[PDB]
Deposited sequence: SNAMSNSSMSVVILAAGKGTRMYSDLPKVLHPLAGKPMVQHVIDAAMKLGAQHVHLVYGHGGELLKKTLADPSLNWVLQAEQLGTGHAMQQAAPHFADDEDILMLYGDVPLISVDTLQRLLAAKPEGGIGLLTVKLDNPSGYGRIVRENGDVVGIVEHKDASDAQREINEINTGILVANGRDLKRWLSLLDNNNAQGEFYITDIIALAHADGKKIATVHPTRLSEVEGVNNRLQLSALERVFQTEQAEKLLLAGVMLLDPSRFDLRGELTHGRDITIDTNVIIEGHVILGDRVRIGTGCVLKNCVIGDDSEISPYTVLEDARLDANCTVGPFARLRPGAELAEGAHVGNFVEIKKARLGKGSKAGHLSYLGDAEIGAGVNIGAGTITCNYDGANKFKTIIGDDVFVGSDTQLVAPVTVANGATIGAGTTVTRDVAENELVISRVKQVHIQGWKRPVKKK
């Protein structure tokens, strides 16, 4: 049948000690709640109903919005969404702070819901302390008892409520209408709806997650960090099984997506962010950070190199200690060495910038040698200007190129030159500065 989702995002995240709404805190670079939304979309949800208390502005700025003005609990929260439920759709209840719930588990949950009844996700814990206990009579679920209100006998129950469940909209709206708030907490308890479904003589079927981490909620940053490590380990293991050699999968982080070829080797402490594409036989040395980059076949990134919005073609070498900024592009066989920064600049085929250089806003040809210490002066304090270097140019060490300026093919620039005017094809330019020599200084 058809289905929509309600994501509860309206708890108080006091133990996060944060000014950022709890469900916005990221896991693997993505807000927790977005993990949950992604899963919902994968399930084929027709609507996603997001219930919130505060941070509504930032929530909408970041990500069907449903206000819960007073933090009066989950039952009350659902009461707020209930009018938006279709009588003819299934409604899946999820939490914005339970980010690792898997599509497989949810699919099995939807499959297990008995006609007219409820599908309830439960899990058996070694220590169920503090959790809602699943109450069964002769094997069938009839009730949930919260820890606080549970008796000593009930507290021996190990099967507990994850709070994730599915029911038909018409049925759900009915059960929510029958909730009672007259009690020691002054709130409606969502958990009472399973007893209410039972009262109507309807069935509550259960399924279990595959992993405990799937139904773990985040209330503080220690708990978020554990889930971060679980998720990173999962990603790392998939990459290994898919043929990427991670030299230490416990020291690898992916925060986005990695599209990869064959026989790649990634060394320790590499961080991949955004969407990165790696060709065949790429090697990434220790400590590198890549964000939104494309790296061509057989390229080698040496240790402690940082790249963002950069492109390497095949057979390129970069680093160690290089810094590629957005718009940095290396054509086939180009080389960028240590203590070199490239920004919005292209280095043509086989061209080399091996040391202690800044190349910004530059179009550099093929077969070019950029000597150590070369710098493009691309900024006048108001605007930025382009440097153009042709093919087969030799730029001597510690030269400044003062943009806008063009150096034609075949030219040679002497060490220590300040280039302010265009250089013609096959021209040598060199500073003829006079020195004083003083004997016996």
property	result
Where the deposited sequence has no C-alpha coordinates (positions from 1, in order)	1-6, 70-74, 453-459
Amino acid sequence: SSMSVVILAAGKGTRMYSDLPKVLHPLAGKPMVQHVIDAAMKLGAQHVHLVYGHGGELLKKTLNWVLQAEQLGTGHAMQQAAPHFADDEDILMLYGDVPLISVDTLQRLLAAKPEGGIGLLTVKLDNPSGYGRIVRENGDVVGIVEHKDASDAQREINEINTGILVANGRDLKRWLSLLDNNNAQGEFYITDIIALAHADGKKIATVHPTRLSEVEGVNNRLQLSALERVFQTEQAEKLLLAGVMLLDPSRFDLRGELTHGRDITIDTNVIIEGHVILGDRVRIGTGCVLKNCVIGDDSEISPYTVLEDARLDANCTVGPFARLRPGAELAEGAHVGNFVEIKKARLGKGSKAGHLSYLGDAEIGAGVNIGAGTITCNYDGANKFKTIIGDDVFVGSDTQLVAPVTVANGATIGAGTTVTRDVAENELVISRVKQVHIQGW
From here on, numbers count along this sequence of modelled residues.
property: Per the entry, higher mean C-alpha B factor between 392-400 and 45-53; result: 45-53
property: Stretch with the greater mean C-alpha B-factor as recorded in the entry, comparing 383-391 against 54-62; result: 54-62
property: Given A153, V289, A366, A362, the residue at which the Cα B factor reaches its maximum; result: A153
property: Candidate set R229, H76, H335, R281 [ranked by C-alpha B-factor, highest]; result: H76
property: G139 CA temperature factor, ranked by third within the chain; result: highest
property: Third assignment of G274 from its chain's C-alpha B-factors; result: lowest
property: CA B-factor placement of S431, once the chain's modelled residues are sorted into thirds; result: highest
property: Assigned third (lowest, middle, highest) for the C-alpha B factor of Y304; result: lowest
property: Chain third (lowest, middle, highest) by recorded CA B-factor, residue given as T374; result: lowest
